[PDB]
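Chemist: 3D, please:
(chains A, B and C, ligands or ions: 6)
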Amino acid sequence: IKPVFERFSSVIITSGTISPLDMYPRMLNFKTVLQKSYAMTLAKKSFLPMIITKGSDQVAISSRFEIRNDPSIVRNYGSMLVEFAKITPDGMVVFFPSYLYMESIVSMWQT
Amino acid sequence: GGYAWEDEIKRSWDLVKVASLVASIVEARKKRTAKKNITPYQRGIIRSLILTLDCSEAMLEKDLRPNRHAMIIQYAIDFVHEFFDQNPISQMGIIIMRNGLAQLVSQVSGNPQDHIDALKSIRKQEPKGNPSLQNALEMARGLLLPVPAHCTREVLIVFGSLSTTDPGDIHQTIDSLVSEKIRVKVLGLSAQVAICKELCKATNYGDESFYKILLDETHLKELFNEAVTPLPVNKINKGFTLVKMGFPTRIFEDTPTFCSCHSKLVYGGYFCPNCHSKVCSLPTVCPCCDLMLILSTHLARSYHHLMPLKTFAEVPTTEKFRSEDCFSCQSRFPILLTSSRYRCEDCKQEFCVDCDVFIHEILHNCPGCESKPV
Amino acid sequence: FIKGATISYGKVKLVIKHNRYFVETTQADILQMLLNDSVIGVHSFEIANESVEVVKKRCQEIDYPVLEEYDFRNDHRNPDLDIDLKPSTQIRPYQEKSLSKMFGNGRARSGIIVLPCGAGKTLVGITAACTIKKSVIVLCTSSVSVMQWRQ
Ligand SMILES: Nc1ncnc2c1ncn2[C@@H]1O[C@H](COP(=O)(O)OP(=O)(O)O)[C@@H](O)[C@H]1O
Ligand code: BEF
Ligand SMILES: [Zn+2]
Ligand SMILES: [Zn+2]
Ligand SMILES: [Zn+2]
Ligand SMILES: [Zn+2]
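Modeler: Numbers count the residues shown, from 1 in each chain, chains lettered A, B, ... in the order given. Ligands and ions are numbered 1, 2, ... in the order given. Please find the structure below.
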């Protein structure tokens, strides 16, 4: 990317999810005249983020690859997926950390 | 890594430590603001409504005590009574989605007793299976075919599930409904659904206000009561026409005679003014010459919709008052901050809060306006 | 009635060294008055182990009652037992509240916890032992119940 910044005088680096803004100037050597993030002035809470750390049985859950074949973790994710599918009206997207992890979990869920 | 025990004691008692009339007025004014705008929108007095109820596994949920099935059925009975009291000429039909199929429980007719009885029987039936909007809509589409053209087709789906299992493409049914001029009102129970929103919007000429999801038990009754009133029609749609009808005369007879409607012995009845056939009750289509028999009172009940009484505006406190007592009920206005006087624009006569609600809900004519001599 | 007994909380303290009980206090004037009494027999003095109950009752008789507090965090000379509740285990609301009162100030204090039969006093005791992180000895009424405590 060195030729790009040396050639073009003005570059607009924009993205919906890009933070921290101070890393890219460090990781990619370039200087920024302006850099900021805009908060959304929304009348009501349009999105409800949540950080689930435990299952119903109050057992910690993590997707560490070395404990992927753990019945406790696998079941808690499985129950979580079902519960959100029951209350979700139309669409539900599930993102796994790696494809191999997705295969192992799905196979365990099928059994 | 100390636990919460070692930190401190909660000290619950520390949390507790030791204008209403104006609040009610401003709250009423805010509520009255929604009622300020009123215009005589043309509404179809004659209507045919197909009531679709969801009887599926989703009804077994205990969100609405005791269960969704019980509350929906119970409020349906009240809706049937209210619907036929405000609109006497209208006819209604009942459908239920159960076991993935739409099951007819009462033919489209104008007798409230038949629909009430059908709902009563459904009480014991245990909901099961998945709902099917397409099956209910296709059955509703067929039911609304024989209805006369002048009648405004209406469908009131009470949907409770979040997913629909259809045998075909439901989008085709939505297009078909628009072709037949059928308007669908959906009362969701849990959350918004993409197909339900599209069905209501497409069939209501793009209006998105006909799909409502309640938020508590109390709101359900308000949603049910709202559907009782007739819906306005769009300018582009044209259905102007005349309908032949007659007013029979009640006949008293010493000896009972056979009824043409049910072929049963009844002491009294109404003699048709065309074929002289006797009918047990009104208002129903004559069993012989198929002209809808009605009384003048049935038409009268719907007049207030055509010309609604204009909403009253609270008088400012600074301005003087016409009198110290209510014009109609003669109840002294409390001295109290803000004067609690409401005057009708046409006749300029103050009214109390009790009269304001009464004169716009039950009584549909301002007492002062009738008293004023022209 | 409330005023009289709400001021004697923390004048006299009792601590336990290696195997000798020292009834000491930070201040020096008050203990001198206590020592003058013939019944008992910064200042710290070793008291006979057998006669510990006698002084404890006597302190209750006198205006100042004896306090029983032990700062388990500070002292590490006594070997510490490494134990913690299992991840699956969860403390019930009332059990959490009952144990919170014992450790309200962050230091364990002796007392009696009364819960209805079946409430789970065994788990309350287990949690109390775990947090202190010291040697724990359990005395139980019957051998059958001793097996229950072990399990
Ligand atoms: N937090 C808990 N979750 C589940 N079971 C519990 C819990 N706490 C206590 N129990 C149960 O309570 C029962 C009685 O406990 P125990 O300590 O013997 O009661 P007691 O107060 O009579 O000594 C046991 O079966 C135990 O497993
Ligand atoms: F109070 Be328990 F039954 F030990
Ligand atoms: Zn009859
Ligand atoms: Zn006739
Ligand atoms: Zn009045
Ligand atoms: Zn008036």
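
Chemist: Could you look up the SS state of residue B:185?
Modeler: strand (DSSP: H, G, I helix; E, B strand; the rest coil).

Chemist: ok now do it, which residues does it touch?
Modeler: Neighbouring residues of residue B:185 by Cβ atoms under 8 Å, 6 or more residues apart in numbering or on different chains: B:154-157, B:200, B:210-211, B:227. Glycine gets a C-beta too; all of them are placed from N, C-alpha and C.

Chemist: Quick check: bridge partners of it?
Modeler: Beta-bridge pairing for residue B:185 (DSSP bridges): residue B:156.

Chemist: between the contacts of residue B:185, which is nearest ligand 4?
Modeler: Within those, the smallest distance to ligand 4 is 27.1 Å, found for residue B:154 (Cβ to the ion).

Chemist: got TSV for the contacts of residue B:185, with neighbour count too?
Modeler: Putting the contacts of residue B:185 into TSV (neighbours: other Cβ atoms under 10 Å in any protein chain shown) gives the following:
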residue	neighbour count
B:154	23
B:155	26
B:156	22
B:157	26
B:200	23
B:210	20
B:211	22
B:227	20
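
Chemist: Among those residues, which one lies nearest to ligand 6?
Modeler: residue B:227 (29.6 Å).

Chemist: Which residue comes closest to the closest one once chain neighbours are left out?
Modeler: Closest residue to residue B:227 apart from its sequence neighbours, by Cβ to Cβ, 6 or more residues apart in numbering or on different chains: residue B:156 at 5.5 Å.

Chemist: hang on, the earlier thing: now tabulate the contacts of residue B:185 in JSON lines and tack on distance to residue A:88.
Modeler: Shown next, in JSON lines, are those (distance: Cβ to Cβ, whole Å):
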{"residue": "B:154", "distance to residue A:88": "31"}
{"residue": "B:155", "distance to residue A:88": "26"}
{"residue": "B:156", "distance to residue A:88": "26"}
{"residue": "B:157", "distance to residue A:88": "21"}
{"residue": "B:200", "distance to residue A:88": "21"}
{"residue": "B:210", "distance to residue A:88": "24"}
{"residue": "B:211", "distance to residue A:88": "18"}
{"residue": "B:227", "distance to residue A:88": "28"}
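
Chemist: Please identify which pair of those lies farthest apart.
Modeler: Greatest spatial distance among the contacts of residue B:185 (Cβ to Cβ): B:154 and B:211, at 14.7 Å.

Chemist: next one: stretch B:334-344 to chain centre, how far?
Modeler: Relative to the centre of its chain, stretch B:334-344 is centred 33 Å away, using Cα atoms, centre = their mean, to the nearest Å.

Chemist: Endpoints of that stretch, how far apart?
Modeler: End-to-end distance for stretch B:334-344: 19 Å, by Cα to Cα, to the nearest Å.

Chemist: and if you look at stretch A:8-16?
Modeler: The first residue of stretch A:8-16 is 23 Å away from its last residue (Cα to Cα).

Chemist: Then stretch B:327-347?
Modeler: This stretch, stretch B:327-347, spans 11 Å end to end (Cα to Cα).

Chemist: Next: stretch B:323-331.
Modeler: 11 Å.

Chemist: Work out for me the element residue B:107 sits within.
Modeler: Using DSSP states H and E, residue B:107 sits in strand B:101-109.

Chemist: relative to strand B:101-109, how tilted is the following helix or strand past that strand?
Modeler: Reading on from strand B:101-109 to the C-terminus, the next helix or strand found by DSSP H and E is helix B:112-122. Note on geometry: by axes from the mean of the first three to the mean of the last three Cα atoms, to 10 degrees, helix B:112-122 and strand B:101-109 are set 160 degrees apart in direction.

Chemist: From the contact counts, what lies against helix B:112-122?
Modeler: For helix B:112-122, the elements it packs on are helix B:68-86, strand B:91-98, strand B:101-109, judged by 3 or more Cβ pairs under 8 Å, 6 or more residues apart in numbering or on different chains; DSSP states H and E.

Chemist: got a list of contacts for that helix?
Modeler: Here helix B:112-122 makes contact (Cβ under 8 Å, 6+ apart) with B:51, B:53, B:55, B:73, B:76-77, B:80-81, B:83-84, B:92-94, B:96, B:105-107, B:109.

Chemist: show me the contacts for the nearest residue to residue B:181 once chain neighbours are set aside.
Modeler: Nearest residue to residue B:181, sequence neighbours excluded (Cβ to Cβ, 6+ apart): residue B:153, at 6.1 Å. Residue B:153 is in contact with B:48, B:144, B:147, B:180-183, counting by Cβ under 8 Å, 6+ apart.

Chemist: Report the buried members of the residues you listed.
Modeler: Neighbour-count burial within the contacts of residue B:153 applies to B:48, B:144, B:147, B:182-183; the criterion is 16 or more other Cβ atoms under 10 Å in any protein chain shown.

Chemist: Filter the residues you listed to keep only those in contact with chain C.
Modeler: Here nothing survives when these are matched to chain C using Cβ under 8 Å from any Cβ of the partner chain.

Chemist: Need phi/psi at residue 76.
Modeler: Looking at chain A here, since you left the chain open. Taking degrees, to the nearest 10, you get phi -60, psi -40 for the backbone angles of residue A:76.

Chemist: OK, contacts around it?
Modeler: With the criterion set at Cβ under 8 Å, 6+ apart, residue A:76 makes contact with A:54-57, A:59, A:61.

Chemist: so does stretch A:52-64 get close to ligand 1?
Modeler: No: Stretch A:52-64 lies out of reach of ligand 1 by Cβ under 6 Å from any ligand atom, never closer than 10.9 Å.

Chemist: Is chain C within reach of that stretch?
Modeler: Yes: Stretch A:52-64 lies in contact with chain C when judged by Cβ under 8 Å from any Cβ; the contacting residues are A:57-60.

Chemist: Tell me the span between the first and last residue of that stretch.
Modeler: The straight-line separation of the ends of stretch A:52-64 (Cα to Cα) is 15 Å.

Chemist: Check which residues of it are buried.
Modeler: Residues of stretch A:52-64 classed as buried by neighbour count (16+ other Cβ under 10 Å): A:55, A:61.

Chemist: Could you do stretch B:314-333 as well?
Modeler: For stretch B:314-333, a neighbour-count test (16+ other Cβ under 10 Å) marks B:314-315, B:326-328, B:333 as buried.

Chemist: first to last residue in that stretch, what's the distance?
Modeler: Terminal-residue distance, stretch B:314-333 (Cα to Cα): 13 Å.

Chemist: Can you give the distance of it from its chain's centre?
Modeler: Chain-centre distance of stretch B:314-333: 34 Å, with Cα atoms, centre = their mean.

Chemist: For chain C, which segments count as helices?
Modeler: Taking DSSP state H as the criterion, chain C carries its helices at C:29-36, C:52-61, C:93-102, C:121-132, C:143-150.

Chemist: Likewise for chain A?
Modeler: In chain A, the helices defined using DSSP H lie at A:2-7, A:23-27, A:71-87, A:99-110.

Chemist: Let me know which of those helices is the nearest to residue B:69.
Modeler: Of these, nearest to residue B:69 by Cβ to Cβ is helix A:71-87, at 18.2 Å.

Chemist: okay, that closest one in CSV with CA atoms only?
Modeler: Below are the C-alpha coordinates for helix A:71-87, written out as CSV (Å, rounded to 0.1, in the frame of the first residue of the first chain):
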residue,chain,number,x,y,z
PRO,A,71,-20.2,-32.1,25.9
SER,A,72,-20.9,-29.3,28.3
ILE,A,73,-19.8,-26.5,25.9
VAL,A,74,-21.4,-28.2,22.9
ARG,A,75,-24.7,-28.7,24.6
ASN,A,76,-24.9,-25.1,25.9
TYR,A,77,-24.3,-23.7,22.4
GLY,A,78,-26.9,-26.2,21.1
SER,A,79,-29.5,-25.1,23.6
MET,A,80,-28.7,-21.5,23.0
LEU,A,81,-29.2,-21.9,19.2
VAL,A,82,-32.6,-23.6,19.8
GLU,A,83,-33.8,-21.0,22.3
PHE,A,84,-33.0,-18.1,20.0
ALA,A,85,-34.6,-19.9,17.1
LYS,A,86,-37.9,-20.3,19.0
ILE,A,87,-38.2,-16.5,19.7
